[PDB]
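Peer 1: To be precise about what I am sending: the file is called protein.cif and holds mmCIF, C-alpha atoms.
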```
data_start
loop_
_atom_site.group_PDB
_atom_site.id
_atom_site.type_symbol
_atom_site.label_atom_id
_atom_site.label_comp_id
_atom_site.auth_asym_id
_atom_site.auth_seq_id
_atom_site.Cartn_x
_atom_site.Cartn_y
_atom_site.Cartn_z
ATOM 1 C CA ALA A 5 0.000 0.000 0.000
ATOM 2 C CA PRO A 6 2.359 2.852 -1.157
ATOM 3 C CA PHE A 7 3.735 5.619 1.084
ATOM 4 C CA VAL A 8 6.370 8.304 1.819
ATOM 5 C CA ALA A 9 9.145 7.336 4.000
ATOM 6 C CA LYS A 10 10.268 10.395 5.750
ATOM 7 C CA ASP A 11 12.333 8.468 8.224
ATOM 8 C CA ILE A 12 13.756 4.935 8.011
ATOM 9 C CA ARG A 13 14.309 3.103 11.296
ATOM 10 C CA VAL A 14 16.261 -0.170 11.487
ATOM 11 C CA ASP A 15 15.397 -1.966 14.583
ATOM 12 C CA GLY A 16 17.109 -5.174 15.315
ATOM 13 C CA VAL A 17 20.724 -4.157 15.734
ATOM 14 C CA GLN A 18 23.474 -2.043 17.165
ATOM 15 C CA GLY A 19 26.173 -0.046 15.399
ATOM 16 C CA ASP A 20 28.639 -2.286 13.538
ATOM 17 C CA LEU A 21 25.953 -3.732 11.426
ATOM 18 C CA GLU A 22 23.085 -1.253 11.878
ATOM 19 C CA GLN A 23 25.534 0.858 9.933
ATOM 20 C CA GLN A 24 26.163 -1.493 7.047
ATOM 21 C CA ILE A 25 22.428 -2.309 6.857
ATOM 22 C CA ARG A 26 21.680 1.356 6.213
ATOM 23 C CA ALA A 27 24.502 1.766 3.750
ATOM 24 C CA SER A 28 23.192 -0.920 1.525
ATOM 25 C CA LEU A 29 19.508 -0.003 1.876
ATOM 26 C CA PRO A 30 18.251 0.219 -1.672
ATOM 27 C CA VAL A 31 15.989 2.973 -0.477
ATOM 28 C CA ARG A 32 16.342 6.634 0.450
ATOM 29 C CA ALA A 33 15.011 8.540 3.411
ATOM 30 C CA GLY A 34 12.440 10.799 1.941
ATOM 31 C CA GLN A 35 11.202 8.957 -1.212
ATOM 32 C CA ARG A 36 7.966 7.032 -1.380
ATOM 33 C CA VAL A 37 8.108 3.309 -1.563
ATOM 34 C CA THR A 38 6.094 0.414 -2.907
ATOM 35 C CA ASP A 39 5.347 -3.023 -1.498
ATOM 36 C CA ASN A 40 7.725 -4.005 -4.209
ATOM 37 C CA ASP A 41 10.602 -1.844 -2.968
ATOM 38 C CA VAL A 42 10.162 -3.052 0.499
ATOM 39 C CA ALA A 43 10.163 -6.593 -0.623
ATOM 40 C CA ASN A 44 13.410 -5.839 -2.320
ATOM 41 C CA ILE A 45 14.944 -4.679 0.962
ATOM 42 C CA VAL A 46 13.784 -7.715 2.787
ATOM 43 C CA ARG A 47 14.971 -10.155 0.285
ATOM 44 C CA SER A 48 18.343 -8.424 0.055
ATOM 45 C CA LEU A 49 18.704 -8.639 3.707
ATOM 46 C CA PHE A 50 17.834 -12.306 3.955
ATOM 47 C CA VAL A 51 20.233 -13.304 1.162
ATOM 48 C CA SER A 52 23.231 -11.968 3.175
ATOM 49 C CA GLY A 53 22.914 -14.975 5.488
ATOM 50 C CA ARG A 54 23.024 -12.917 8.464
ATOM 51 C CA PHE A 55 19.537 -12.913 9.765
ATOM 52 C CA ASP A 56 17.206 -15.262 11.371
ATOM 53 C CA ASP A 57 14.539 -12.805 10.577
ATOM 54 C CA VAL A 58 13.703 -9.642 8.833
ATOM 55 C CA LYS A 59 10.411 -7.802 8.732
ATOM 56 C CA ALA A 60 9.383 -4.440 7.336
ATOM 57 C CA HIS A 61 6.267 -2.226 7.764
ATOM 58 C CA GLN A 62 5.190 1.402 7.735
ATOM 59 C CA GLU A 63 4.773 2.970 11.198
ATOM 60 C CA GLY A 64 3.226 6.255 10.153
ATOM 61 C CA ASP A 65 5.722 8.299 8.240
ATOM 62 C CA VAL A 66 8.598 5.963 8.788
ATOM 63 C CA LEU A 67 9.542 2.746 7.124
ATOM 64 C CA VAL A 68 10.562 0.483 10.001
ATOM 65 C CA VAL A 69 12.748 -2.554 9.326
ATOM 66 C CA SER A 70 12.968 -4.990 12.267
ATOM 67 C CA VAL A 71 15.710 -7.560 12.220
ATOM 68 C CA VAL A 72 17.157 -10.419 14.186
ATOM 69 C CA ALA A 73 20.689 -11.109 13.491
ATOM 70 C CA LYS A 74 22.810 -14.124 13.834
ATOM 71 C CA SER A 75 25.151 -13.555 16.754
ATOM 72 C CA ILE A 76 28.821 -13.911 16.387
ATOM 73 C CA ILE A 77 30.864 -15.914 18.681
ATOM 74 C CA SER A 78 33.011 -14.141 21.187
ATOM 75 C CA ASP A 79 34.009 -16.880 23.711
ATOM 76 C CA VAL A 80 33.687 -20.633 23.681
ATOM 77 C CA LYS A 81 34.014 -22.366 26.990
ATOM 78 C CA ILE A 82 33.429 -25.903 28.360
ATOM 79 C CA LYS A 83 32.696 -27.041 31.928
ATOM 80 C CA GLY A 84 32.379 -30.608 33.158
ATOM 81 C CA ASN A 85 34.457 -31.985 30.386
ATOM 82 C CA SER A 86 36.694 -34.604 31.931
ATOM 83 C CA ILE A 87 37.763 -37.645 29.959
ATOM 84 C CA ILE A 88 37.266 -36.377 26.663
ATOM 85 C CA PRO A 89 39.987 -33.813 26.986
ATOM 86 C CA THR A 90 39.123 -30.189 26.276
ATOM 87 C CA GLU A 91 41.750 -30.225 23.497
ATOM 88 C CA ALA A 92 39.612 -32.509 21.407
ATOM 89 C CA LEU A 93 36.243 -30.861 22.207
ATOM 90 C CA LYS A 94 37.699 -27.544 21.282
ATOM 91 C CA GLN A 95 39.019 -29.180 18.029
ATOM 92 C CA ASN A 96 35.427 -30.446 17.338
ATOM 93 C CA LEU A 97 33.835 -27.120 17.812
ATOM 94 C CA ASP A 98 36.353 -25.628 15.530
ATOM 95 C CA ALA A 99 35.580 -28.107 12.775
ATOM 96 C CA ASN A 100 31.910 -27.581 13.041
ATOM 97 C CA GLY A 101 32.024 -23.784 12.741
ATOM 98 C CA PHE A 102 31.958 -22.619 16.287
ATOM 99 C CA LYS A 103 35.322 -20.955 16.000
ATOM 100 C CA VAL A 104 35.496 -17.526 17.524
ATOM 101 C CA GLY A 105 35.416 -15.934 14.119
ATOM 102 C CA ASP A 106 32.189 -17.390 13.295
ATOM 103 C CA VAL A 107 28.559 -16.636 13.008
ATOM 104 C CA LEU A 108 26.709 -18.847 15.378
ATOM 105 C CA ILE A 109 24.182 -21.083 13.840
ATOM 106 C CA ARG A 110 22.090 -22.239 16.727
ATOM 107 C CA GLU A 111 20.742 -25.553 15.436
ATOM 108 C CA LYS A 112 24.111 -26.803 14.406
ATOM 109 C CA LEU A 113 24.984 -26.151 17.963
ATOM 110 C CA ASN A 114 22.408 -28.606 19.221
ATOM 111 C CA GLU A 115 23.480 -31.061 16.589
ATOM 112 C CA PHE A 116 27.012 -30.785 17.896
ATOM 113 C CA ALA A 117 25.806 -31.350 21.437
ATOM 114 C CA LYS A 118 23.982 -34.510 20.362
ATOM 115 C CA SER A 119 27.050 -35.783 18.669
ATOM 116 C CA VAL A 120 29.256 -35.338 21.700
ATOM 117 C CA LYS A 121 26.622 -37.235 23.687
ATOM 118 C CA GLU A 122 26.894 -40.056 21.210
ATOM 119 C CA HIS A 123 30.696 -40.146 21.667
ATOM 120 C CA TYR A 124 30.396 -40.325 25.457
ATOM 121 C CA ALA A 125 28.456 -43.417 24.866
ATOM 122 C CA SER A 126 31.023 -45.123 22.807
ATOM 123 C CA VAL A 127 32.957 -44.851 26.023
ATOM 124 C CA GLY A 128 30.162 -46.140 28.121
ATOM 125 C CA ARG A 129 28.704 -42.944 29.778
ATOM 126 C CA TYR A 130 25.265 -43.619 28.572
ATOM 127 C CA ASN A 131 23.886 -41.181 31.153
ATOM 128 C CA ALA A 132 25.922 -38.268 29.936
ATOM 129 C CA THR A 133 24.468 -34.819 29.400
ATOM 130 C CA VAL A 134 25.893 -32.274 27.054
ATOM 131 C CA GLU A 135 23.784 -29.162 27.102
ATOM 132 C CA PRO A 136 25.072 -26.052 25.330
ATOM 133 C CA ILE A 137 24.297 -22.587 26.558
ATOM 134 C CA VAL A 138 24.251 -19.307 24.796
ATOM 135 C CA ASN A 139 24.515 -16.035 26.562
ATOM 136 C CA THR A 140 23.982 -13.047 24.199
ATOM 137 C CA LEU A 141 26.107 -9.936 24.411
ATOM 138 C CA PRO A 142 25.942 -6.617 22.980
ATOM 139 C CA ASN A 143 27.276 -5.882 19.570
ATOM 140 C CA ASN A 144 25.346 -8.831 18.002
ATOM 141 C CA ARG A 145 27.613 -11.367 19.679
ATOM 142 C CA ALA A 146 27.537 -14.225 22.109
ATOM 143 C CA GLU A 147 29.405 -16.756 24.038
ATOM 144 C CA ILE A 148 28.924 -20.390 24.230
ATOM 145 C CA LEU A 149 29.133 -22.576 27.217
ATOM 146 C CA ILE A 150 29.058 -26.295 26.892
ATOM 147 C CA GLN A 151 27.799 -27.858 30.195
ATOM 148 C CA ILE A 152 28.695 -31.521 30.715
ATOM 149 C CA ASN A 153 27.732 -34.123 33.297
ATOM 150 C CA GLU A 154 29.435 -37.343 32.285
ATOM 151 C CA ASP A 155 27.267 -39.523 34.706
ATOM 152 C CA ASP A 156 24.427 -37.956 36.520
ATOM 153 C CA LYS A 157 25.450 -36.966 39.929
ATOM 154 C CA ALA A 158 28.079 -37.112 42.193
ATOM 155 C CA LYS A 159 28.417 -37.369 45.888
ATOM 156 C CA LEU A 160 26.181 -35.311 48.169
ATOM 157 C CA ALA A 161 28.152 -32.687 50.142
ATOM 158 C CA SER A 162 25.805 -30.905 52.469
ATOM 159 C CA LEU A 163 22.178 -30.694 53.456
ATOM 160 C CA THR A 164 21.018 -27.410 54.913
ATOM 161 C CA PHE A 165 17.748 -26.507 56.540
ATOM 162 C CA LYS A 166 15.945 -23.198 56.554
ATOM 163 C CA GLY A 167 12.888 -22.361 58.542
ATOM 164 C CA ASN A 168 13.445 -25.325 60.940
ATOM 165 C CA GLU A 169 12.263 -23.337 64.027
ATOM 166 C CA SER A 170 11.991 -26.115 66.546
ATOM 167 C CA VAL A 171 13.453 -29.239 65.014
ATOM 168 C CA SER A 172 17.164 -29.381 64.508
ATOM 169 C CA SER A 173 19.203 -30.104 61.476
ATOM 170 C CA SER A 174 20.621 -33.204 63.061
ATOM 171 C CA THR A 175 17.084 -34.666 63.652
ATOM 172 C CA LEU A 176 15.744 -34.289 60.119
ATOM 173 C CA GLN A 177 18.801 -35.820 58.538
ATOM 174 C CA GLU A 178 18.165 -39.067 60.588
ATOM 175 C CA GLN A 179 14.701 -38.932 58.863
ATOM 176 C CA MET A 180 16.469 -39.089 55.467
ATOM 177 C CA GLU A 181 17.848 -42.169 53.657
ATOM 178 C CA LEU A 182 20.093 -39.827 51.728
ATOM 179 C CA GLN A 183 23.124 -38.968 53.832
ATOM 180 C CA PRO A 184 26.198 -37.064 52.645
ATOM 181 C CA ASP A 185 28.744 -39.016 50.571
ATOM 182 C CA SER A 186 26.121 -41.213 49.270
ATOM 183 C CA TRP A 187 25.571 -40.343 45.473
ATOM 184 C CA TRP A 188 22.908 -38.023 44.160
ATOM 185 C CA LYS A 189 21.500 -39.043 40.752
ATOM 186 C CA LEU A 190 20.198 -35.878 38.979
ATOM 187 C CA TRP A 191 18.114 -36.989 36.233
ATOM 188 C CA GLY A 192 19.534 -34.484 34.055
ATOM 189 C CA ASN A 193 17.827 -31.178 34.324
ATOM 190 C CA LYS A 194 15.209 -31.083 36.811
ATOM 191 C CA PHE A 195 13.566 -33.930 38.690
ATOM 192 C CA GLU A 196 15.276 -34.551 42.043
ATOM 193 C CA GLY A 197 16.349 -38.121 42.484
ATOM 194 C CA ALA A 198 12.943 -40.024 42.792
ATOM 195 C CA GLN A 199 14.212 -41.488 46.138
ATOM 196 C CA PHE A 200 14.680 -37.823 47.437
ATOM 197 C CA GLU A 201 10.977 -37.557 46.814
ATOM 198 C CA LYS A 202 10.675 -40.290 49.438
ATOM 199 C CA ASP A 203 12.666 -38.448 52.002
ATOM 200 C CA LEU A 204 10.779 -35.238 51.703
ATOM 201 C CA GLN A 205 7.824 -37.433 52.884
ATOM 202 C CA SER A 206 9.749 -38.935 55.884
ATOM 203 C CA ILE A 207 10.160 -35.378 56.948
ATOM 204 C CA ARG A 208 6.528 -34.158 56.262
ATOM 205 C CA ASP A 209 5.352 -37.356 57.989
ATOM 206 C CA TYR A 210 7.510 -36.549 61.017
ATOM 207 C CA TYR A 211 6.200 -32.937 61.566
ATOM 208 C CA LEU A 212 2.755 -34.490 61.290
ATOM 209 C CA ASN A 213 3.822 -37.307 63.581
ATOM 210 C CA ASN A 214 4.653 -34.442 66.119
ATOM 211 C CA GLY A 215 2.140 -31.610 66.058
ATOM 212 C CA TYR A 216 3.025 -29.316 63.225
ATOM 213 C CA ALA A 217 0.125 -29.794 60.969
ATOM 214 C CA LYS A 218 0.723 -26.935 58.727
ATOM 215 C CA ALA A 219 4.251 -27.923 57.761
ATOM 216 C CA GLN A 220 4.493 -27.288 54.027
ATOM 217 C CA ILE A 221 8.049 -27.751 52.604
ATOM 218 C CA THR A 222 8.623 -24.344 50.971
ATOM 219 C CA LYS A 223 11.351 -24.923 48.286
ATOM 220 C CA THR A 224 14.572 -26.940 47.558
ATOM 221 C CA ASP A 225 17.961 -25.867 46.087
ATOM 222 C CA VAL A 226 20.566 -27.981 44.436
ATOM 223 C CA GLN A 227 24.111 -26.632 44.125
ATOM 224 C CA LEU A 228 26.151 -28.282 41.493
ATOM 225 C CA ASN A 229 29.815 -27.681 41.098
ATOM 226 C CA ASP A 230 31.528 -26.354 37.960
ATOM 227 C CA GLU A 231 33.022 -29.835 37.543
ATOM 228 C CA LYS A 232 30.011 -31.961 37.970
ATOM 229 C CA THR A 233 30.959 -33.916 41.049
ATOM 230 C CA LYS A 234 29.692 -32.937 44.561
ATOM 231 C CA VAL A 235 26.385 -31.158 45.221
ATOM 232 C CA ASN A 236 25.007 -28.942 48.009
ATOM 233 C CA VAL A 237 21.407 -29.152 48.938
ATOM 234 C CA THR A 238 18.990 -26.818 50.680
ATOM 235 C CA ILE A 239 15.595 -27.513 52.058
ATOM 236 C CA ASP A 240 13.304 -24.679 53.021
ATOM 237 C CA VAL A 241 10.589 -25.739 55.490
ATOM 238 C CA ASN A 242 7.684 -23.776 57.057
ATOM 239 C CA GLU A 243 6.799 -25.540 60.340
ATOM 240 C CA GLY A 244 4.094 -23.268 61.706
ATOM 241 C CA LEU A 245 2.318 -23.688 65.038
ATOM 242 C CA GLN A 246 2.422 -27.063 66.831
ATOM 243 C CA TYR A 247 -1.313 -27.916 67.282
ATOM 244 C CA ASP A 248 -3.428 -30.188 69.632
ATOM 245 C CA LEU A 249 -6.306 -32.511 69.060
ATOM 246 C CA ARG A 250 -9.644 -31.597 70.713
ATOM 247 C CA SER A 251 -12.614 -33.084 68.684
ATOM 248 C CA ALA A 252 -12.873 -36.101 66.304
ATOM 249 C CA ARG A 253 -16.220 -35.738 64.466
ATOM 250 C CA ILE A 254 -17.330 -38.100 61.587
ATOM 251 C CA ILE A 255 -19.896 -37.524 58.659
ATOM 252 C CA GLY A 256 -21.358 -38.599 55.287
ATOM 253 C CA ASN A 257 -22.594 -41.990 53.971
ATOM 254 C CA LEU A 258 -21.842 -44.645 56.637
ATOM 255 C CA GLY A 259 -24.047 -47.530 55.287
ATOM 256 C CA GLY A 260 -25.769 -47.841 58.667
ATOM 257 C CA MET A 261 -22.578 -48.726 60.624
ATOM 258 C CA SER A 262 -22.454 -45.358 62.671
ATOM 259 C CA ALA A 263 -23.248 -48.059 65.197
ATOM 260 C CA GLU A 264 -19.979 -49.902 65.452
ATOM 261 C CA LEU A 265 -17.812 -47.013 64.013
ATOM 262 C CA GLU A 266 -18.272 -44.552 66.889
ATOM 263 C CA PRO A 267 -16.247 -46.991 69.175
ATOM 264 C CA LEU A 268 -13.249 -46.346 66.917
ATOM 265 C CA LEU A 269 -12.236 -42.740 67.907
ATOM 266 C CA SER A 270 -10.998 -44.349 71.152
ATOM 267 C CA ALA A 271 -7.289 -45.286 71.181
ATOM 268 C CA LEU A 272 -7.174 -41.568 70.273
ATOM 269 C CA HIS A 273 -5.763 -39.297 72.913
ATOM 270 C CA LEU A 274 -7.970 -36.125 72.565
ATOM 271 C CA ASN A 275 -6.377 -33.081 74.259
ATOM 272 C CA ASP A 276 -2.869 -34.252 73.328
ATOM 273 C CA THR A 277 -0.404 -33.330 70.507
ATOM 274 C CA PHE A 278 -1.895 -34.071 67.076
ATOM 275 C CA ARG A 279 -0.702 -37.062 65.090
ATOM 276 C CA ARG A 280 -1.276 -38.152 61.475
ATOM 277 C CA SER A 281 -0.293 -41.808 62.120
ATOM 278 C CA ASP A 282 -2.940 -42.231 64.837
ATOM 279 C CA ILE A 283 -5.497 -40.292 62.734
ATOM 280 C CA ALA A 284 -4.688 -42.771 59.896
ATOM 281 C CA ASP A 285 -5.182 -46.007 61.840
ATOM 282 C CA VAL A 286 -8.703 -44.874 62.570
ATOM 283 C CA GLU A 287 -9.387 -44.464 58.856
ATOM 284 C CA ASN A 288 -7.840 -47.907 58.468
ATOM 285 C CA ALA A 289 -10.144 -49.721 60.838
ATOM 286 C CA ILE A 290 -13.069 -47.521 59.772
ATOM 287 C CA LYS A 291 -12.357 -48.847 56.325
ATOM 288 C CA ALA A 292 -11.770 -52.497 57.484
ATOM 289 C CA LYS A 293 -14.994 -52.281 59.407
ATOM 290 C CA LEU A 294 -16.998 -51.086 56.434
ATOM 291 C CA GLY A 295 -15.296 -53.897 54.529
ATOM 292 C CA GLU A 296 -16.793 -56.612 56.662
ATOM 293 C CA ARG A 297 -20.316 -55.530 55.611
ATOM 294 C CA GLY A 298 -19.171 -55.592 51.946
ATOM 295 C CA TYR A 299 -18.187 -51.893 51.560
ATOM 296 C CA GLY A 300 -14.545 -52.520 50.608
ATOM 297 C CA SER A 301 -14.094 -49.295 48.593
ATOM 298 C CA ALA A 302 -14.954 -47.050 51.389
ATOM 299 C CA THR A 303 -13.141 -43.756 51.559
ATOM 300 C CA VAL A 304 -12.205 -41.680 54.485
ATOM 301 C CA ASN A 305 -10.861 -38.218 54.082
ATOM 302 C CA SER A 306 -9.509 -36.243 57.097
ATOM 303 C CA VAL A 307 -10.718 -32.538 56.617
ATOM 304 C CA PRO A 308 -9.705 -30.268 59.683
ATOM 305 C CA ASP A 309 -10.779 -27.137 61.605
ATOM 306 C CA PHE A 310 -8.364 -24.834 63.397
ATOM 307 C CA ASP A 311 -7.869 -22.936 66.579
ATOM 308 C CA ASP A 312 -4.670 -21.141 65.575
ATOM 309 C CA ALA A 313 -5.456 -18.779 68.477
ATOM 310 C CA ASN A 314 -6.010 -21.578 71.130
ATOM 311 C CA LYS A 315 -3.563 -24.167 69.553
ATOM 312 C CA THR A 316 -6.043 -27.020 68.675
ATOM 313 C CA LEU A 317 -7.606 -28.919 65.820
ATOM 314 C CA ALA A 318 -11.065 -30.324 64.881
ATOM 315 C CA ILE A 319 -11.052 -33.491 62.791
ATOM 316 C CA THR A 320 -13.884 -34.095 60.329
ATOM 317 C CA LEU A 321 -13.528 -37.626 58.945
ATOM 318 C CA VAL A 322 -15.733 -37.273 55.870
ATOM 319 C CA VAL A 323 -16.557 -40.877 55.070
ATOM 320 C CA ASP A 324 -18.568 -42.603 52.487
ATOM 321 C CA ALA A 325 -18.793 -46.273 51.385
ATOM 322 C CA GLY A 326 -18.407 -47.103 47.708
ATOM 323 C CA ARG A 327 -21.410 -49.379 47.488
ATOM 324 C CA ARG A 328 -22.081 -52.701 49.366
ATOM 325 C CA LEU A 329 -21.160 -55.953 47.515
ATOM 326 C CA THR A 330 -23.391 -59.068 48.027
ATOM 327 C CA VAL A 331 -22.081 -62.170 46.122
ATOM 328 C CA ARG A 332 -24.953 -64.923 46.330
ATOM 329 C CA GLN A 333 -24.794 -68.738 45.645
#
```
Hey, can you dump this file as structure tokens for me?

Peer 2:
Amino acid sequence: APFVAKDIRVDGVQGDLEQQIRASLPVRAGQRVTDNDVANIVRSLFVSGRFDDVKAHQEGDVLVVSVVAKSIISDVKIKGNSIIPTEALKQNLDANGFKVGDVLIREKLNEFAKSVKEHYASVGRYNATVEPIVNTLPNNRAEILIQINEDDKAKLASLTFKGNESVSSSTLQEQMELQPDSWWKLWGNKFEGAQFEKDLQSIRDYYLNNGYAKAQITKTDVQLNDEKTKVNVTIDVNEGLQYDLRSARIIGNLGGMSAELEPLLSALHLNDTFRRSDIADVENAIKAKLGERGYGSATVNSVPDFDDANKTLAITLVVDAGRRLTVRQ
């Protein structure tokens, strides 16, 4: 849709190149320009090889040209490398166009990372990870960082606890199967060794097996290492107040049985420190009991109610019994 380009902005870039883009622009501040002219700019730009993307529209009186330029490589560095010597990894980069000269092509980077993974596997580190990182820098440049873990893991260095008001470090780490100097599989990336999932329970269980029935575990850090041995771990825990059990009131669909279920709240110790494990064993018999009469899908669910103020807690075992059975011969 033709128009007069009073100004001509060029958006993607800085200096160096912003300059040469301008200097080659087939068009002139001031003239009026067709779709066709503008296409000519955009195609000329793409043919250089230098851009992942070029667009061009009118923004009032100015022809704007946005752009996204291939970075060029300032430093290449590798951490975690350890039995493929850096010499050879550096040689590989340099054969695959990741010399410092060069214009980074990002996809070839991931291809390169895959290929190094495949070499680590000809030497039997089938768990290796080779993840490349690109930090971008001004002047249309960037540096490359190849991160390598040749196994996952290495030995666990330190656990550290934050927000543990009342319970000590030393206590919680007896709750945990994972002790220092035992290994710490890190399943690449980002999903805590499976078994550490376990131990976060042990803990939750134990604040709940000892009053603190708000204890949410807040967050968890993992500190790797530069070389990818040793890791430091940090568990952030919010204990909250340490409640007590006053009432133990039941509801819902009990399939008659209210009868013989009410005698079950009884090896409970009302007006004493709350406890999940006790509260559970109730649900267990409640559920065994309902099972006798053929209700063996019955579901208990411990809702609560709080005196934060007066330090106590009101149990509401919502039950219901998934049908009765009746087999008949």

Peer 1: What does the PyMOL selection byres ((chain A and resi 183) around 12) select in this file, as a list in words?

Peer 2: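 This file, filtered by the PyMOL selection byres ((chain A and resi 183) around 12), leaves residues 159, 160, 161, 162, 163, 164, 174, 176, 177, 178, 179, 180, 181, 182, 184, 185, 186, 187, 188, 200, 203, 236 and 237 of chain A.
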
Peer 1: Can you translate the PyMOL selection byres ((chain A and resi 244) around 10) into the concrete residues it hits in this file, as number ranges by chain?

Peer 2: A: 167-170, 211, 215-220, 241-243, 245-247, 312

Peer 1: If the PyMOL selection byres ((chain A and resi 133) around 6) is run on the structure shown, which residues does it catch, given as an mmCIF file with C-alpha atoms, in the coordinates of the input?

Peer 2:
```
data_model
loop_
_atom_site.group_PDB
_atom_site.id
_atom_site.type_symbol
_atom_site.label_atom_id
_atom_site.label_comp_id
_atom_site.auth_asym_id
_atom_site.auth_seq_id
_atom_site.Cartn_x
_atom_site.Cartn_y
_atom_site.Cartn_z
ATOM 1 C CA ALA A 132 25.922 -38.268 29.936
ATOM 2 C CA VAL A 134 25.893 -32.274 27.054
ATOM 3 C CA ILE A 152 28.695 -31.521 30.715
ATOM 4 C CA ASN A 153 27.732 -34.123 33.297
#
```

Peer 1: How big is the axis-aligned box, and where does its centre sit, when it encloses all atoms of region 270-282 of chain A listed in the file and has 8 Å added on every side, reported in Å to one decimal as AutoDock Vina command-line options?

Peer 2:
```
--center_x -5.6 --center_y -39.2 --center_z 67.9 --size_x 26.7 --size_y 28.2 --size_z 28.8
```

Peer 1: Which residues are close to region 258-262 of chain A, i.e. within 8 Å by only C-alpha atoms, leaving aside same-chain residues fewer than 4 positions away? Reply as number ranges by chain.

Peer 2: A: 266, 294, 323-325

Peer 1: Could you turn the residues from that selection into a file that holds C-alpha atoms, as a PDB file, in the frame of the given file?

Peer 2:
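Okay, part-v2.pdb is ready:
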```
ATOM      1  CA  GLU A 266     -18.272 -44.552  66.889  1.00  0.00           C
ATOM      2  CA  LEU A 294     -16.998 -51.086  56.434  1.00  0.00           C
ATOM      3  CA  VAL A 323     -16.557 -40.877  55.070  1.00  0.00           C
ATOM      4  CA  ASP A 324     -18.568 -42.603  52.487  1.00  0.00           C
ATOM      5  CA  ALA A 325     -18.793 -46.273  51.385  1.00  0.00           C
TER       6      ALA A 325
END
```
